[PDB]
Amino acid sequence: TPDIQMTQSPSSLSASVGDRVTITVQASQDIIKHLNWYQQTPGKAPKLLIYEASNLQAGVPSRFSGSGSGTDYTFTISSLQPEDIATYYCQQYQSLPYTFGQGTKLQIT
């Protein structure tokens, strides 16, 4: 009944080029693999990188990767390119309404 609440962390980070970035999310319930991870550059519609918790979209570099099960899932950027600076989102599609995470915003030092 209540919308599956989605807990994303961190709310924001800073790393350096070549750094290993990992972003995690906890789900209020077992949303099974129904999780879309999106990327969103400033002033651009969101860009789906991963769906079904682990499959890459099309075009999407190997850098990015997603794992996890049930309630807890992880999004990992292997190396981090300067292009990679963005805000990263997640969304459950396990049950209407499909809910979004608060979002993690990548940042460089």
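Just count from 1 along the sequence shown to find any residue number.
As listed in the deposited structure, the average C-alpha B-factor of 69-77 and of 41-49 is greater for 41-49. For the pair 80-88 and 24-32, the record assigns the higher mean C-alpha temperature factor to 24-32.
For residue 62, the recorded CA B-factor ranks within the lowest third of the chain. Only modelled residues enter the ranking.
For residue 17, the recorded CA B-factor ranks within the middle third of the chain. Only modelled residues enter the ranking. When the modelled residues of the chain are ordered by their C-alpha B factor, residue 11 lands in the lowest third.
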